[PDB]
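See structure below.
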Amino acid sequence: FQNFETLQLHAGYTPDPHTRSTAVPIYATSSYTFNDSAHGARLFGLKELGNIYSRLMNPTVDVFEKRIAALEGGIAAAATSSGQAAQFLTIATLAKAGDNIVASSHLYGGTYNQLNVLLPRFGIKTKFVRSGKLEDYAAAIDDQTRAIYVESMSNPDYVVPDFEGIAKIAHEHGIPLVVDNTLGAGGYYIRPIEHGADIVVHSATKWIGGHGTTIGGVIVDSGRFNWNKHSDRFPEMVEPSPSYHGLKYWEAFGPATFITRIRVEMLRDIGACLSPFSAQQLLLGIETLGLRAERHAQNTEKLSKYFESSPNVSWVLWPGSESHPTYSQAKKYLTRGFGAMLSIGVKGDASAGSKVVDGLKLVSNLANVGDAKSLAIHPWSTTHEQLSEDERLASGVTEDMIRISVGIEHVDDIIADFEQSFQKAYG
Amino acid sequence: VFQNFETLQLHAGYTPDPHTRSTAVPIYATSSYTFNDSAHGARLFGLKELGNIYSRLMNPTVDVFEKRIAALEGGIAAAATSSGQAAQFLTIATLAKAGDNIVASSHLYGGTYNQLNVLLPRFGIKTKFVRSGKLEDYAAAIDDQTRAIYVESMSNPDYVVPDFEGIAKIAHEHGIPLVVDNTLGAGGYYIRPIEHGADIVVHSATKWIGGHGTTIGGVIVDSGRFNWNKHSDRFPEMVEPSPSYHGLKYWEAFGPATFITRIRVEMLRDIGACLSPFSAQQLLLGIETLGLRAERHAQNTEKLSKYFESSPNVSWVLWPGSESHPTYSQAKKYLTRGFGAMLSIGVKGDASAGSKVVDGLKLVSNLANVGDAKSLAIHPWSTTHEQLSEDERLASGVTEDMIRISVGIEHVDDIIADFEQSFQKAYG
Ligand SMILES: C=C/C(=N\Cc1c(COP(=O)(O)O)cnc(C)c1O)C(=O)O
Ligand SMILES: C=C/C(=N\Cc1c(COP(=O)(O)O)cnc(C)c1O)C(=O)O
């Protein structure tokens, strides 16, 4: 099947012949009993594929991994306990002390802090690029570079990168392109592997889960980056491995080498694993991902038209807008809806934004995106609080910005909620 | 304020909320927590007010799990993680950075040894291993870049018990904390290392704490007893203006809670190895019977060691309650509520015999875990310690003839009977 709406219900699971359970069971088990002692030794020796221990694999999580990989067009995936952990495990596999990665400066505030503050005390530095220009990405690469890292639509100014031009630069220098596709809704709005991304990461907490119940992340491997070809930057992908008695990953696993290392090195030793309970919550969300993402983007388009005519709004920021700075990229890469987000500024002083948010009765003020319920937050004092004012500006965040995650409520009710709040704030 | 472990494991850290009056701990399957207003959200994010923000960082179900474990161990506070490995990783990553080292015992669970010997050096954090257990070797390995001494309260799978008070004395005299993995101490039932000088205790909650083999999880417990200010030369991030929080000075704001606070507002926030509330609820169900289970585990282990000691089919028994145990003097001193839930044996004959004995068991399960209510057996040489070199396995007490047994709470006569019938089959 290659329709998204079909894969999100069927990919990665067949009822086992023992129980024939139609729905995916929740394998609430830490462990898996060996057939015999020799079988256990083959499992720990990576000589036979099979369930060993839920810090590394779990059959509920396996369905979640296979289904997200199918939706994104990757070969395989690995779940983590959060979007933050998905990014951390990915960079930790590609880079070590003395390496760097090149990243867009337009990031979720928590990713910016991860790259700018946390990773450097492990020896891993980031060179940020603000302009989006191909030549500035090229000029930032040096011999210690291990990836280019961008968000598919930055949180919360919705910069769409030139995926194909950046992938070309990355690949000419022998480094992978890593894309955080959280705001791409599990591949529905944007499938970065189709435009050159080698590795895709998600906070599954957001549109993938869809209901604000569960934290989770996932790492998708395209299988398309020839590590052996570029083993001067990635020796651990081909050289004998100190943690598996000289196993050579590329020779053993080929295009699955990166995602194999994520599991047998990083999940095994860092241990940021996903619960099967969490995975089942996320699978329920995935079963309607296409439907929700479609309605989200329809409501977002309609709500932006309302905001564009509202005398109470000073500006609307929406990647579907012909005024958007990267509208030419949005137009090329987003052909199934221009996302589920918009940001606005409202008229008046510094006080006005908080007054409009606080007066909403349907929209919830909290930290999340991609709930079925509509959400609002002030990134300058929350999601991007840890950044300096200059860093906020380099990420498109300003003191007057209100970030809106548009839900699937009836759009007349969303609009009516803003209307009554505007009339309490302004008359 | 309660005295007894048995009472704390049911009541510490939870009072029914007055909205619902729910007697049992609810499962807060929520990513987020709605602000009262915009200014409230700003105070939460600015760390100006205590309150729920987002479940990568805090969650009310996980919070009960955390407080209850802290109360059982005698710490001021705890932070849950997605696994025992993650509890270790986040702890060392807070204390140390690239260019630093820690000193650790060489008697470790194989996954920890590989974490310290292979993973962390990639981040420029190296470990100096001490094989002897002697106080003077721990002292000698400390240099100016050392950031901790790390030991298991009873090592997996040879059950070395460390001289807690002597090692703690060395650590504190050099201005570094003592970090103890108390996994095999069963949540503080068998051993409470904070009472003996440990500054920080980590657990795999996957084991006796959860007790049913359903759930992976970890937890970090801060004693609150290490003075980060006295030793800001080795730990400047504990006192110096913080780049994550606009110059916040942690010690000056949080005092004895500084380490556990950084674990949350730096490591869980940016590494994100959080525990789900569904997992915390499974673990809370286990904790409600931890003292009862640990008591029966140890009672069954004592009786099973008696059985193996009189069996013609056993070459040796390894049990920290044995007067022949290399660290029996430390076990007797620090284990006064039962000598653990574990033993290891070697069986007579050639190399294939341990394998046939385990394969012949029909009640005991051959799998990777410890601290299930069900009895378990495994061959660590080819499993839990498979990643280590042979010399590294010896230095951790693992032999090729070792069978590790996690003794369950089944009726001990059924456990003995299972080994007996498997012994006839293997040996006639
Ligand atoms: C409250 C968190 C928010 N965003 C999280 C996020 C993450 C991290 O994922 P988690 O660790 O939270 O699962 C990664 N990438 C992007 C694009 C993100 O927006 C938000 O509301 O802005
Ligand atoms: C299958 C795993 C086993 N042990 C795990 C373990 C860990 C890691 O914790 P998790 O990441 O597994 O929660 C930490 N410390 C000790 C002492 C441990 O024994 C085992 O069966 O030997």
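Following the order of the structure tokens, chains are lettered A, B, ..., residues in each are numbered from 1, and ligands are numbered from 1.
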#### Entry: Within 8 Å of ligand 1, counting only C-alpha atoms and all ligand atoms, residues as number ranges by chain
A: 81-87, 107-111, 151, 153-156, 180-183, 202-206, 215-217, 366-369, 379, 383; B: 32, 54, 56, 269-270, 272
### Spatial neighbours of residue 153 of chain B, 7 Å, only C-alpha atoms, chain gap at least 3 places, as a count of residues only
7
Interface rows for chain B against chain A: nearest pair, Å to one decimal, 7 Å, only C-alpha atoms, as a Markdown table:
| residue | atom | partner | partner_atom | distance |
| --- | --- | --- | --- | --- |
| B:29 | CA | A:213 | CA | 4.9 |
| B:30 | CA | A:213 | CA | 3.9 |
| B:31 | CA | A:213 | CA | 5.0 |
| B:32 | CA | A:367 | CA | 6.3 |
| B:33 | CA | A:366 | CA | 6.3 |
| B:34 | CA | A:366 | CA | 4.9 |
| B:35 | CA | A:366 | CA | 5.7 |
| B:37 | CA | A:358 | CA | 5.5 |
| B:38 | CA | A:354 | CA | 5.8 |
| B:42 | CA | A:381 | CA | 5.5 |
| B:45 | CA | A:382 | CA | 5.6 |
| B:54 | CA | A:367 | CA | 6.7 |
| B:55 | CA | A:215 | CA | 6.8 |
| B:56 | CA | A:215 | CA | 6.5 |
| B:82 | CA | A:272 | CA | 5.6 |
| B:83 | CA | A:271 | CA | 5.8 |
| B:85 | CA | A:271 | CA | 5.3 |
| B:86 | CA | A:271 | CA | 5.0 |
| B:89 | CA | A:270 | CA | 6.2 |
| B:97 | CA | A:121 | CA | 5.4 |
| B:98 | CA | A:122 | CA | 5.1 |
| B:111 | CA | A:269 | CA | 6.6 |
| B:115 | CA | A:269 | CA | 5.5 |
| B:118 | CA | A:243 | CA | 6.8 |
| B:122 | CA | A:96 | CA | 5.4 |
| B:123 | CA | A:122 | CA | 4.6 |
| B:124 | CA | A:97 | CA | 6.0 |
| B:213 | CA | A:30 | CA | 5.1 |
| B:214 | CA | A:29 | CA | 3.9 |
| B:215 | CA | A:30 | CA | 5.2 |
| B:216 | CA | A:30 | CA | 6.0 |
| B:244 | CA | A:386 | CA | 5.7 |
| B:245 | CA | A:386 | CA | 5.8 |
| B:246 | CA | A:386 | CA | 7.0 |
| B:270 | CA | A:114 | CA | 5.5 |
| B:271 | CA | A:85 | CA | 5.3 |
| B:272 | CA | A:85 | CA | 5.0 |
| B:273 | CA | A:272 | CA | 4.6 |
| B:274 | CA | A:81 | CA | 6.2 |
| B:276 | CA | A:275 | CA | 6.8 |
| B:278 | CA | A:277 | CA | 6.4 |
| B:279 | CA | A:275 | CA | 7.0 |
| B:355 | CA | A:37 | CA | 5.9 |
| B:359 | CA | A:36 | CA | 5.5 |
| B:365 | CA | A:33 | CA | 6.5 |
| B:366 | CA | A:34 | CA | 5.8 |
| B:367 | CA | A:33 | CA | 4.9 |
| B:368 | CA | A:31 | CA | 6.3 |
| B:369 | CA | A:31 | CA | 6.5 |
| B:382 | CA | A:41 | CA | 5.5 |
| B:383 | CA | A:44 | CA | 5.6 |
| B:387 | CA | A:243 | CA | 5.7 |
### Message
When you count only C-alpha atoms, which of these residues is closest to residue 107 of chain B: B:21, B:425, B:333, B:393?
### Response
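Looking only at the distances to residue 107 of chain B, the closest residue turns out to be B:393.
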### Task
DSSP on the backbone, then: every residue of segment 104-279 of chain B marked alpha helix (DSSP H), written as a PyMOL selection string.
chain B and resi 110-114+120-122+135-141+164-173+250-254+258-262+269-270+277-279
### Message
One decimal, in Å: what's the spacing between atom CA of residue 158 of chain A and atom CA of residue 208 of chain A?
### Response
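The value is 18.4 Å.
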### Task
Run DSSP on the backbone of this structure and report the residues of segment 62-215 of chain B it assigns to strand (DSSP E), as a PyMOL selection string.
chain B and resi 77-81+100-105+125-130+146-152+178-181+200-204
### Coordinates-based distance that separates atom CA of residue 279 of chain A from atom CA of residue 2 of chain A (Å, one decimal)
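Atom CA of residue 279 of chain A lies 22.8 Å from atom CA of residue 2 of chain A.
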### Who sits within 9 Å of segment 302-311 of chain B, only C-alpha atoms, same chain under 4 positions skipped, as a ChimeraX atom specification
/B:297-298,315-319,321-322,338-341,343,345,407,412,415-416
### Query
Hey, what's within 8 Å of residue 70 of chain A if we count only C-alpha atoms and toss same-chain stuff fewer than 3 positions away? As a PyMOL selection string, please?
chain A and resi 7+11-12+66-67+73-76
Emit the selected residues as a short mmCIF file (atom, residue, chain, number, x, y, z; two decimals), in the first residue's frame, including C-alpha atoms.
data_model
loop_
_atom_site.label_atom_id
_atom_site.label_comp_id
_atom_site.auth_asym_id
_atom_site.auth_seq_id
_atom_site.Cartn_x
_atom_site.Cartn_y
_atom_site.Cartn_z
CA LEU A 7 -0.45 2.45 6.00
CA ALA A 11 1.74 -1.22 8.30
CA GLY A 12 3.96 -3.19 10.66
CA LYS A 66 7.63 -0.03 11.66
CA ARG A 67 4.49 2.05 11.08
CA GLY A 73 9.40 6.06 3.57
CA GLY A 74 12.32 4.90 5.69
CA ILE A 75 13.60 1.35 6.05
CA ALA A 76 13.37 1.14 9.86
#
#### Entry: Shell of 9 Å around residue 102 of chain A, only C-alpha atoms, local chain residues under 6 positions omitted, as a VMD selection string
chain A and resid 125 to 129 137 140 to 141 145 to 150
Generate the output file for the selected residues, C-alpha atoms, as a compact mmCIF listing (two decimals), in the first residue's frame.
# COMPACT_ATOMS: atom_id res chain seq x y z
CA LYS A 125 29.70 21.68 19.28
CA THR A 126 27.16 23.15 16.88
CA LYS A 127 27.72 25.79 14.22
CA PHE A 128 24.41 27.63 13.72
CA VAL A 129 23.29 29.09 10.37
CA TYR A 137 25.57 26.01 5.08
CA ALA A 140 30.08 26.23 7.95
CA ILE A 141 31.17 22.66 7.14
CA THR A 145 31.35 18.10 10.77
CA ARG A 146 29.05 15.12 11.15
CA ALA A 147 25.58 16.27 10.04
CA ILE A 148 23.48 19.14 8.83
CA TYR A 149 20.40 19.49 11.09
CA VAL A 150 17.21 21.42 10.26
### Message
Taking 3 positions as the minimum chain separation for residues in the same chain, which residues sit within 8 Å of residue 304 of chain A when counting only C-alpha atoms? Answer as a list in words.
### Response
residues 300, 301, 307, 308, 316, 318 and 342 of chain A
### Distance of atom CA of residue 311 of chain A from atom CA of residue 400 of chain A, expressed in Å to one decimal place
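Computed distance, atom CA of residue 400 of chain A to atom CA of residue 311 of chain A, equals 16.0 Å.
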### Query
Taking only C-alpha atoms and all ligand atoms into account, which of B:157, B:13, B:84, B:193 comes nearest ligand 2?
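Among B:157, B:13, B:84, B:193, it is B:84 that comes nearest to ligand 2.
Candidate residues B:58, B:335, B:363, B:405 were compared for distance to ligand 2, and the nearest is B:405, using only C-alpha atoms and all ligand atoms.
By only C-alpha atoms, and with residues fewer than 4 positions from residue 237 of chain B along its chain excluded, the set lying at most 12 Å from it is residues 121 of chain A; 93, 94, 95, 96, 97, 228, 229, 231, 232, 233, 241, 242, 243, 244, 245, 247, 248, 249, 250, 251, 252, 258, 259, 262 and 266 of chain B.
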